[PDB]
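**Student:** Curious how this folds, go ahead:
(12 chains, ligands or ions: 16)
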Amino acid sequence: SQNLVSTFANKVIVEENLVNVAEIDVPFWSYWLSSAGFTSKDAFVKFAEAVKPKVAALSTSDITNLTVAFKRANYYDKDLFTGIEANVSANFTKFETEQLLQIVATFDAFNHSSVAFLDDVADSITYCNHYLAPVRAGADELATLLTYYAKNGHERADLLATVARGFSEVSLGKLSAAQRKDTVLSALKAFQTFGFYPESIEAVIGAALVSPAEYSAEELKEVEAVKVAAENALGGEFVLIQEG
Amino acid sequence: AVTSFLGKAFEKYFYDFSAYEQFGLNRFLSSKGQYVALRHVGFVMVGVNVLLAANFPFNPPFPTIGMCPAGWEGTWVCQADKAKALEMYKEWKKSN
Amino acid sequence: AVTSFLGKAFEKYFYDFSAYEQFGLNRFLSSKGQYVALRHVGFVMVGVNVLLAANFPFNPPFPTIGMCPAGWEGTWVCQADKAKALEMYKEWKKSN
Amino acid sequence: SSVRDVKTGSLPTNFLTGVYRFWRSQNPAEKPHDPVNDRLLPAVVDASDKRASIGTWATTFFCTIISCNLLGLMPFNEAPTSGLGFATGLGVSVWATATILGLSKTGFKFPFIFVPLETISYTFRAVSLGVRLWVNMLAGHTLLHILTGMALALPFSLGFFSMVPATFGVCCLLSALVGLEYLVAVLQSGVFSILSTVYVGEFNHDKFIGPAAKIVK
Amino acid sequence: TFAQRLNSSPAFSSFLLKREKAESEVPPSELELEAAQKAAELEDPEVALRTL
Amino acid sequence: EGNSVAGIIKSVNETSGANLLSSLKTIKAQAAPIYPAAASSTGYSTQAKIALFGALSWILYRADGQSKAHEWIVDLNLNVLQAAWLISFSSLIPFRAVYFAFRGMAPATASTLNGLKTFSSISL
Amino acid sequence: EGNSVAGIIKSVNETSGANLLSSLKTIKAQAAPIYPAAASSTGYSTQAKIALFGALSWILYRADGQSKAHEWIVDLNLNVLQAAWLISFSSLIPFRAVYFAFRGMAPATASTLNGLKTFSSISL
Amino acid sequence: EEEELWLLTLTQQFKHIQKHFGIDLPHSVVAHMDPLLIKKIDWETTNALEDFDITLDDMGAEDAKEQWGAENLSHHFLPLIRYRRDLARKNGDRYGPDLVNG
Amino acid sequence: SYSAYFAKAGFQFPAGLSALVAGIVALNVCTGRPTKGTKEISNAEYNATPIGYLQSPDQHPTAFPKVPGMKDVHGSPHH
Amino acid sequence: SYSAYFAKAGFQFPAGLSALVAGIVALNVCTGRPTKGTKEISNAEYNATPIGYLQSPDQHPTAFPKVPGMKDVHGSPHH
Amino acid sequence: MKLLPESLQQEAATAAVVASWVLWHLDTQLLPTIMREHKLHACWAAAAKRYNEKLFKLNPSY
Amino acid sequence: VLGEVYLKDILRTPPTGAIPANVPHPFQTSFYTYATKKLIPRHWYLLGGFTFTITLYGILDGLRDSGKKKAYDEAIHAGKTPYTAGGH
Ligand SMILES: CCCCCCCCCCCCCCCCCC(=O)O[C@@H](COC(=O)CCCCCCCCCCCCCCC)COP(=O)(O)OCCN
Ligand SMILES: CCCCCCCCCCCCCCCCCC(=O)O[C@@H](COC(=O)CCCCCCCCCCCCCCC)COP(=O)(O)OCCN
Ligand SMILES: CCCCCCCCCCCCCCCCCC(=O)O[C@@H](COC(=O)CCCCCCCCCCCCCCC)COP(=O)(O)OCCN
Ligand SMILES: CCCCCCCCCCCCCCCCCC(=O)O[C@@H](COC(=O)CCCCCCCCCCCCCCC)COP(=O)(O)OCCN
Ligand SMILES: CCCCCCCCCCCCCCCCCC(=O)O[C@@H](COC(=O)CCCCCCCCCCCCCCC)COP(=O)(O)OCCN
Ligand SMILES: CCCCCCCCCCCCCCCCCC(=O)O[C@@H](COC(=O)CCCCCCCCCCCCCCC)COP(=O)(O)OCCN
Ligand SMILES: CCCCCCCCCCCCCCCCCC(=O)O[C@@H](COC(=O)CCCCCCCCCCCCCCC)COP(=O)(O)OCCN
Ligand SMILES: CCCCCCCCCCCCO[C@@H]1O[C@H](CO)[C@@H](O[C@H]2O[C@H](CO)[C@@H](O)[C@H](O)[C@H]2O)[C@H](O)[C@H]1O
Ligand SMILES: CCCCCCCCCCCCO[C@@H]1O[C@H](CO)[C@@H](O[C@H]2O[C@H](CO)[C@@H](O)[C@H](O)[C@H]2O)[C@H](O)[C@H]1O
Ligand SMILES: CCCCCCCCCCCCO[C@@H]1O[C@H](CO)[C@@H](O[C@H]2O[C@H](CO)[C@@H](O)[C@H](O)[C@H]2O)[C@H](O)[C@H]1O
Ligand SMILES: CCCCCCCCCCCCO[C@@H]1O[C@H](CO)[C@@H](O[C@H]2O[C@H](CO)[C@@H](O)[C@H](O)[C@H]2O)[C@H](O)[C@H]1O
Ligand SMILES: CCCCCCCCCCCCO[C@@H]1O[C@H](CO)[C@@H](O[C@H]2O[C@H](CO)[C@@H](O)[C@H](O)[C@H]2O)[C@H](O)[C@H]1O
Ligand SMILES: CCCCCCCCCCCCO[C@@H]1O[C@H](CO)[C@@H](O[C@H]2O[C@H](CO)[C@@H](O)[C@H](O)[C@H]2O)[C@H](O)[C@H]1O
Ligand SMILES: CCCCCCCCCCCCO[C@@H]1O[C@H](CO)[C@@H](O[C@H]2O[C@H](CO)[C@@H](O)[C@H](O)[C@H]2O)[C@H](O)[C@H]1O
Ligand SMILES: [Zn+2]
Ligand SMILES: [Zn+2]
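**Tutor:** Numbers count the residues shown, from 1 in each chain, chains lettered A, B, ... in the order given. Ligands and ions are numbered 1, 2, ... in the order given. Sharing the structure here:
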């Protein structure tokens, strides 16, 4: 029986029959296989064609699972993400901010944007979801959504007021010191792109000025470029609070 | 979802996935009706050997016909009376 | 039907049928609030006397304060220790 | 998978709203120094995250005890909190909930000759919170058992409907004792959950993570 | 009126509230009563057109 | 199910100028919210049958255990003392006042719903 | 619910002579019998959840009792001998032929329904 | 007749709530008429902020309490401002409230 | 009004009451100990013993005892 | 066709199966005798006895015995 | 009288099961129902000054 | 005009055909959502507080059961009965 198991192993338990079981529920199976590290381009081509007649009827949890799965596999199928962005645009009231921040980060990984998608995502975060949902988001996810709107030039000041609520000493403090640097430097470029300087930009600038040794000389120049621009917009002087 | 996939999965296994065709047993076997007779006794022989391999060091409650499993032949596994085999197993268990 | 009548029946009893008005207890009693205080203790006193009359010849598990029910005064009903009262009851039971 | 439909303004919804808002009122959130706006909104949500759910826990313990205490007053039924392991098991569970909340703040490390005496006063809250519930459900029912036996000795000995006024006066004192046990059943569920807000609310303190940077004027 | 709507609610069809009225606890105001009468005239939408 | 205001707009626009005023009560009823009519009476639910038989089985189980107790006659008369207060609570408790006291415990029922006003949403 | 033939007679009589032939497919669909469409998929019923958990609880209870038996290893291998025939019955039994053999057991399904003929009920 | 459907749907919806709320209004009809309000209220219970309006009352935050109720009913104006954004997009303009300094 | 809609649904239990009565019964039947007045015996003793000797008088109290302490069965007379 | 109407109703039990499992369980729990390897004892004996002495070895067989006749508990050593 | 039970762990785990069911039933079945009914009233009462002002500025009807 | 697609899943009128099903909360839909988002993050102090009491009372049950075993073996070794009598 040393070879009867090995004969069964080379023909039955193959990656191709792992795919043939995975064809029934692609948003479930591609999400959990890629979570286990199975990020293979040849299988995710077969995932993209199996789910394409089913995308328009997918739920918001299935769309978010499918979009995160194709981000971890790093596979871009433009006809798949067209139907994915047509599902988000048709059901934007049903989507959540926690789900849309994962969908936007996939749409920002490979540059894929529509003007209807940017409007329906901004309407979903600002009006269809709770206004304190960016507080629960995590600042690394909100800075990705800010960069995605800055790169497409889409100015939505109602969205920018909602996303800026998530930046604080709480949410930036939960990040790694290297990860806080990339979050601060990408949120300050997006706030300077639209010319929007909310009151919660004091936490983004203050996260850079309380620890400037992580930042370079040219980075502290563009931080204090935003700091003087927010000082004119908010009408005051920047001061660091010390507890006591 | 969890039930709708499992119905679609087992339907593919019951009908579409056949190991009689994928392994090419038409060369070795005559009929599909004699393959399922060999798959029947093959299922019994595996389930006998798996249930014994799941716990091999046991004294058998079934009567062995004067035969011993491995190189034991005097241990608690081969003892006829079970009251003696319980005392011999307790000495073997504390060492191992 | 069986439930719809019983709802209509008890609704008539709970609200429409009042024994405070049909018996004319306004002459004897001051308030309806003091009638339901007397109907409360009257319910307790009946339920005490009914539970005792449902089985009167019993030896009490509660301590009687040196008192006897009827003309017994030496029988098993009045015995202090229950091991003696069980033997005295068995002689009384075969006769009666 | 199909949840039931609820009428708005139902009496159990309005009762449980006022009950939950009462135990939430016992540990109110602290007013910050800064005015609450979009700058201070994540610090308010984070301060709410660091607060324990004492409002939810106390109305859990209020409803589970006032239901158990009133079972002792229903006919053919006894109170679960009249048993020792039930009532004291709830009181040690509250004390262990307050201790685990207090230990999770510092290090999960347990904090000259003064502190052994303050420890005895703290670990007596484990005993006294559940025992006060247990003795109140036991001693009121035990006194009811003795006085019902002494009230039964009169119509047993002095005739069933023979003489009324002596068994009337003891059935009035017995009826006022069951009404006192109705008051103790509601009060001991309240005292338990008041003290649970007090004990858990001792460790319900975290520092406000306010703005580290500000654009003044 | 509001007290008339509580009397038609399922709470007052229950057993302990079958013989109770919501007007007995808090009576409707005359401004509440005259607006219930004014609304009953305007439930015919032809009358609301000719009024307006 | 489409919304009823767009059905009002569609039915009023499609009607003639001659029969507009007569057909306004028909358009009013087509946009009226559904209030389901009183269905046929059914005596007991399945879960209501389990609840009443289960409470009857529990009462008979506890009365059988109380009767076999040592202080058995004290246990059955404690059921009389306990059931007497259930009768007195039906007599004493102002069930309409307690209903409105509980109604004032929740802020959703203690006040009327203050929201959208008429002048802010007038459509001309 | 009125019957559909009287609705056919009412709709055909009320139609114009000009639009009679065009509206015949509309009157055909209004009298078509209702065939309810495929509803949304639900995974398990409540009674299907009791049946599968109850069979799983029964299997685990009987496997625990078989394993504690005196001839315990014979009991667990008798489950192998019994489950092997359940696999062989899925392979051998002609499930379409057995379905039509059972269909011929009842006289209601062994023949087609012979009843009312067309010429007897022709209405001219 | 341009925006009459949105203005009369808000009137039709609130008049039906205020007639029936606290008396006999089912929770299913509330979640039918305002699905996004029930979605936002369910977010607070999910994220352990079910007492958040009690928390704002504890700290005296009357302006944050007014912001809380307005942001939970902010989807009532969303049918209008998606319509007015599409009107400005067909006429080539930018929408006013979508801009930072506009 | 919606009053006739709410009279359509009958009595219903609380939503997870089956899990409550499952947990309460499983705490009373999966005790891991003999059941309150009984003792586990050998299979040799159980088969040889009559039913009347297998019962004990304390576990069978009289339903309405005329004397406090009456038992329904007398048990084994062999001491 | 009526196929989608019959897929609407899920699995259902037979119509009086609750009365069948009520009668089968009541024949197994209302036996009127001690439960298969146990013996009723006095309340004085039950309270004085530890749990390990209250159990018997025959009523606790080993789940997968290496020797036929292994018991999980040893019971009372007092004979 | 009954002072100590037959098992102290069984009576404590019964209290733990009953209180965890009430904790589950409150957080899952009662408080989502309470907060849907409370916060519909509470959000309307907290917005109605700003809601009616925002709606007044929007409509061109006047 | 504003044409009912702008208020499709946002604003609905009171229903005219049938009362819909109630929209479930996520905690009513699945226990796993309640366990991972609220029960373990917010209420693990109670669950650990219950776990303390069940394990502590199991220790006090073991001390009570060892006290019965010590008193049992003391009466067997002394030639006594460990329990006094039945009342029957
Ligand atoms: C004076 C002579 C007596 C004449 C005899 C007839 C008069 C009736 C006497 C008492 C009969 C009691 C029967 C009550 C039970 C049956 C009623 C019922 O359940 O029907 C409805 C009414 O329900 C109730 O009656 C509940 C009322 C309970 C409130 C509490 C009242 C006072 C209780 C006092 C405590 C008693 C404790 C024990 C004392 C010994 C509900 O079912 P439905 O289907 O008809 O409703 C439609 C929905 N499907
Ligand atoms: C507080 C002040 C004093 C007030 C009066 C004293 C209080 C005690 C009075 C006793 C009356 C209690 C309520 C009366 C209930 C019986 C009458 C009744 O109305 O019956 C209805 C239902 O009554 C009951 O069934 C309630 C019984 C509750 C007892 C619970 C015992 C539990 C035993 C089973 C547990 C099994 C759990 C299974 C889990 C799946 C009929 O239901 P329906 O289908 O026709 O629809 C109407 C629904 N609104
Ligand atoms: C170890 C051996 C034990 C053997 C003893 C017998 C026990 C057998 C175990 C199986 C019996 C059945 C288990 C019941 C649980 C599953 C049913 C369920 O999920 O609940 C409801 C299904 O609907 C739901 O609500 C699902 C939600 C889950 C139910 C409860 C969740 C867990 C609550 C426990 C507290 C959790 C917090 C603490 C955890 C450490 C149905 O309940 P109902 O009949 O009372 O309501 C219907 C009335 N119309
Ligand atoms: C840090 C967070 C941890 C989370 C865990 C939460 C735990 C507490 C939540 C409430 C659940 C309590 C149920 C657990 C009971 C455990 C009792 C135990 O371990 O001992 C049993 C061990 O007994 C057995 O060996 C038999 C197996 C018993 C299994 C118990 C099943 C009941 C589980 C209850 C269902 C919980 C869910 C229901 C709704 C809340 C029986 O106790 P005993 O004193 O009578 O016997 C001891 C041995 N002589
Ligand atoms: C005969 C030739 C050989 C054939 C093959 C061998 C036979 C054995 C094969 C085993 C398969 C048996 C049937 C498979 C059932 C499970 C798969 C399934 O289809 O699940 C359905 C239901 O399956 C079951 O639940 C059946 C389980 C039956 C086991 C019975 C055990 C009883 C235990 C609980 C008793 C409690 C009684 C309570 C009384 C109220 C799903 O139901 P649904 O709600 O989605 O709607 C579909 C209805 N058409
Ligand atoms: C002595 C103490 C015993 C204690 C042990 C526990 C037993 C407790 C007894 C109560 C438990 C529940 C009793 C169940 C009977 C009432 C339920 C019923 O009537 O049956 C069905 C209600 O619907 C009916 O079919 C009513 C018809 C009556 C049921 C059976 C009639 C009697 C059959 C027995 C054989 C009679 C012939 C011989 C008689 C000598 C529901 O059954 P199902 O859940 O399996 O079906 C639902 C599936 N969707
Ligand atoms: C001429 C027409 C007569 C019609 C009557 C039809 C009777 C047969 C129909 C089928 C029903 C059979 C159920 C009756 C069982 C009677 C057994 C009995 O009397 O003895 C019991 C007496 O035991 C007891 O004292 C405890 C009480 C037991 C009550 C039995 C309840 C079960 C009833 C089954 C439900 C029937 C309906 C369910 C669906 C068919 C237990 O037997 P045992 O040998 O284990 O113990 C004897 C004493 N040591
Ligand atoms: C031993 C001490 C403890 C005893 C037992 C404790 C029992 C706890 C339950 C009682 C709680 C009832 O508490 C209830 O709180 C609610 C909160 O919604 C208050 O609710 C109401 O307050 C005020 C004034 O009445 C209204 O203007 C307001 O609209 C409404 O919210 C009630 O005024 C109060 O009655
Ligand atoms: C007709 C008059 C009606 C009066 C109604 C108001 C009184 C109601 C009585 C119910 C009990 C009052 O409840 C009371 O709540 C307060 C806070 O609110 C608790 O107060 C507690 O708060 C926190 C909790 O750790 C501690 O910081 C504080 O030191 C402690 O006192 C009391 O311990 C409790 O007794
Ligand atoms: C389970 C058995 C019962 C145990 C119940 C124990 C908790 C009882 C909670 C109710 C007690 C609090 O009682 C509460 O009193 C407050 C005032 O203080 C009332 O509050 C208000 O009532 C009404 C509002 O409609 C007005 O008169 C007024 O604005 C105010 O007094 C509450 O409406 C009432 O519910
Ligand atoms: C529970 C496990 C299974 C145990 C089952 C035991 C009972 C089995 C009953 C079926 C056996 C009888 O088998 C029965 O044969 C007769 C002929 O005799 C067939 O009767 C008919 O079948 C078809 C009709 O469509 C035609 O070929 C023909 O008219 C006739 O042969 C039945 O359709 C078949 O069902
Ligand atoms: C040990 C001896 C007993 C063995 C076990 C007995 C099993 C009993 C079940 C088998 C019964 C099946 O018996 C079945 O009877 C039905 C009655 O409807 C017959 O039914 C059919 O008969 C004939 C011919 O097939 C058809 O023309 C007719 O339309 C139809 O009614 C089937 O032909 C037969 O297959
Ligand atoms: C044998 C001893 C029996 C008595 C046992 C009692 C001890 C109970 C404590 C269990 C500790 C482990 O339990 C684990 O604690 C860590 C921190 O340590 C928590 O960790 C975290 O939880 C959530 C985040 O989701 C936060 O709200 C919390 O502040 C944080 O500490 C875990 O969510 C909990 O699962
Ligand atoms: C606050 C209310 C309670 C007041 C009483 C507090 C004192 C209780 C603690 C007594 C401590 C002595 O307990 C000591 O600890 C161990 C745990 O390692 C106990 O051991 C216990 O657990 C083990 C396994 O978990 C089992 O054998 C058994 O359940 C029990 O004996 C020992 O019996 C004893 O040696
Ligand atoms: Zn008692
Ligand atoms: Zn066998």
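**Student:** Residue 29: neighbouring residues, count only.
**Tutor:** No chain in the question, so chain A it is. Residues within reach of residue A:29, counting by other CB atoms under 10 Å in any protein chain shown, total 23. Any C-beta I mention is one placed from the backbone N, CA and C, and that applies to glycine too.
**Student:** look at chain E instead
**Tutor:** Counted with other CB under 10 Å, residue E:29 comes out at 11.
**Student:** Distance-wise, check it relative to residue E:36.
**Tutor:** 10 Å (CB to CB, to the nearest Å).
**Student:** Can you name the helix or strand that residue 7 falls in?
**Tutor:** Since no chain was named, I'll use chain A. helix A:4-11 (DSSP states H and E).
**Student:** sorry, should have said chain F
**Tutor:** Assessed by DSSP H and E, residue F:7 sits inside helix F:4-14.
**Student:** If we ignore the residues flanking it in sequence, what's nearest the residue of chain I found nearest ligand 9?
**Tutor:** Among the residues of chain I, residue I:14 lies closest to ligand 9, at 27.8 Å counting by CB to the nearest ligand atom. Nearest non-adjacent residue to residue I:14, counting by CB to CB, 6 or more residues apart in numbering or on different chains: residue K:25, 6.3 Å away.
**Student:** Who are the contact partners of the one you found?
**Tutor:** By CB atoms under 8 Å, 6 or more residues apart in numbering or on different chains, the residues touching residue K:25 are I:14, I:15, I:16.
**Student:** residues contacting the first one?
**Tutor:** Spelled out, it's residue I:14. I:20, K:25, K:29.
**Student:** close to ligand 3, is whichever strand or helix holds the second one?
**Tutor:** What it means is residue K:25. Element membership of residue K:25 [criterion: DSSP H and E] is helix K:8-25. Yes: interface with ligand 3: helix K:8-25 contributes K:20, K:21, K:24 (CB under 6 Å from any ligand atom).
**Student:** Pick the one among those residues closest to ligand 7.
**Tutor:** The nearest member of those to ligand 7, counting by CB to the nearest ligand atom, is residue K:21 at 31.5 Å.
**Student:** neighbours around the closest one, how many?
**Tutor:** 20.
**Student:** separation between residue E:40 and ligand 2?
**Tutor:** Distance, residue E:40 to ligand 2, using CB to the nearest ligand atom, to the nearest Å: 32 Å.
**Student:** number of nearby residues for the residue of chain K found nearest chain C?
**Tutor:** Here chain K gets closest to chain C at one residue, residue K:1, 13.6 Å apart by CB to the nearest CB. Neighbour count of residue K:1, defined by other CB under 10 Å: 7.
**Student:** In this structure it contacts residue D:141, no?
**Tutor:** No: look at residue K:1 against residue D:141 with CB atoms under 8 Å: they stay out of range, at 9.6 Å.
**Student:** Kindly list the longest helix within chain K.
**Tutor:** helix K:31-58 (DSSP state H).
**Student:** now swap in chain D and tell me
**Tutor:** Chain D, longest helix under DSSP H: helix D:115-157.
**Student:** Neighbours of residue F:32, how many?
**Tutor:** Neighbour tally, residue F:32, other CB under 10 Å: 11.
**Student:** how much space between the closest residue to ligand 12 within chain A and residue B:7?
**Tutor:** Going by CB to the nearest ligand atom, ligand 12 is nearest to residue A:24 of chain A, at 40.2 Å. Between residue A:24 and residue B:7 the computed distance is 9 Å (CB to CB).
**Student:** Between the two, point out the one with more neighbours.
**Tutor:** Taking neighbours as other CB under 10 Å, residue A:24 and residue B:7 compare with residue A:24 leading, 18 against 11.
**Student:** thinking again about what came up before, how about the helix holding residue F:7 and chain E, touching?
**Tutor:** No: using CB under 8 Å from any CB of the partner chain, helix F:4-14 never reaches chain E; the gap is at least 10.1 Å.
**Student:** is that helix anywhere near chain K?
**Tutor:** No: Helix F:4-14 is not in contact with chain K by CB under 8 Å from any CB; minimum separation 15.4 Å.
**Student:** Now the element after that helix, going C-ward?
**Tutor:** Taking DSSP H and E, what comes next after helix F:4-14 is helix F:24-30.
**Student:** just checking, what packs against that following helix?
**Tutor:** Helices and strands touching helix F:24-30, as assessed by 3 or more CB pairs under 8 Å, 6 or more residues apart in numbering or on different chains; DSSP states H and E, comprise helix E:45-51, helix F:4-14.
**Student:** nearest residue to the closest residue to ligand 10 within chain L other than its sequence neighbours?
**Tutor:** Closest contact between chain L and ligand 10, by CB to the nearest ligand atom, is at residue L:46 (22.5 Å). Leaving aside its chain neighbours, residue L:46 sits nearest to residue D:97 (5.2 Å; criterion: CB to CB, 6+ apart).
**Student:** Assign the one you found to helix, strand or coil.
**Tutor:** Secondary structure assignment for residue D:97 (DSSP: H, G, I helix; E, B strand; the rest coil): helix.
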